[PDB]
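What follows is one chain in structure tokens, specifically the form deposited in one PDB entry.
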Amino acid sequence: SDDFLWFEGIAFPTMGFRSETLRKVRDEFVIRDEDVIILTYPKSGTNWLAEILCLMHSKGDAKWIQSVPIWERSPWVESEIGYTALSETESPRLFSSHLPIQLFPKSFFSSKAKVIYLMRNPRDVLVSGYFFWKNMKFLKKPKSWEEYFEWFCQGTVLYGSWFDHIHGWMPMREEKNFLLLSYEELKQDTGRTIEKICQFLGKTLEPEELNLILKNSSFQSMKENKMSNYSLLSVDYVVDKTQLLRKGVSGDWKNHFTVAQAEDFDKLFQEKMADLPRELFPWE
């Protein structure tokens, strides 16, 4: 209980999670063929993808993403609140999960449910998590940038190692009910990425309906919505509410790694990811 819940070799947050729900998640939760699920390692762009999916279902009309909080419109199945709400929700259901493949519901692998897996450059994921997690109460905090940098590459951080999460899920990449996307293609060509998603899910949008979704799904529009940027967390769970909105700390890895840290991280990545095709990863 040393500042985190330990379960099957993986660390989880202290507030909002319990050992028994995590066990029922694997052994008993029932997945349906009509469910749609967003899968990500934390801080890889979950909130932006969730906003786009709500907008496609509502044909571009936006008071929903402007009225309801992301954890209500796309709940995390492994948390208490999420598990409760989902277990009593009428199809179709839209939800999210950060779990690695060994802890995901057994029921899924016997289904036809559609999943979308989103990955991001791990240098930006490391920076974004450093600033976000060190600002949350009741969570084990690092004593310095250098110390967090070492935790991340050894794997002793929330939800485990980024290298193990990616290796576990990649073998599902050519299955019919699985779509692989990168944060980089989403930001460089949002419109082309929205079309890949509409084809995979198999729905049809009218011309004026696609125009509205395109208007409400821009990067800029995304960062300023209070329903999606986490700035609705109460003063009871945050250390300093004022820097929740700080800038230059949710990516921009070059402004934070020293030259020696970047050369050493390049060698580590090549070593660990050598058994997969290099061109699957669109970043230097």
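When you see a residue number, it is the position in the sequence shown, counting from 1.
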Identify the stretch, either 48-56 or 224-232, whose C-alpha atoms have the larger mean B-factor according to the entry. 224-232
Higher-scoring stretch by recorded Cα B factor average, 137-145 or 155-163: 137-145
Residue with highest C-alpha B-factor in the PDB entry, from 190, 128, 87, 97: 87
Check the PDB entry and point out which of 37, 259, 68, 30 has the largest C-alpha temperature factor. 68
If you rank every modelled residue in this chain by C-alpha B factor, which third holds residue 15: lowest, middle or highest? highest
Would you mind ranking residue 211 by its C-alpha B-factor against the rest of the chain and naming the third, lowest, middle or highest? middle
Give the position of residue 254 by CA B-factor within its chain, expressed as the lowest, middle or highest third. lowest
Chain-wide C-alpha B factor ranking for residue 241, given as lowest, middle or highest third: highest
Would you check the entry's CA temperature factor for residue 204 and let me know if it's in the chain's lowest, middle or highest third? highest
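The same protein also has a form solved in complex with a small molecule, omitted here; what follows describes it.
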Go through 59-67, 254-262, 22-30, 44-52 and give me the stretch that gets within 4.5 Å of the small molecule in the entry with it bound, heavy atoms only. 44-52
Give a yes or no on whether every one of 37, 116 and 121 sits within 4.5 angstroms of the small molecule in the entry with it bound by heavy atom. no
Using 4.5 Å between non-hydrogen atoms, is residue 107 touching the small molecule in the entry with it bound? no
Contact test in the entry with it bound: residue 162 vs the small molecule, heavy atoms, 4.5 Å: no
Any of the heavy atoms of residue 128 lying within 4.5 Å of the small molecule in the entry with it bound? yes
Using 4.5 Å between non-hydrogen atoms, is residue 187 touching the small molecule in the entry with it bound? yes
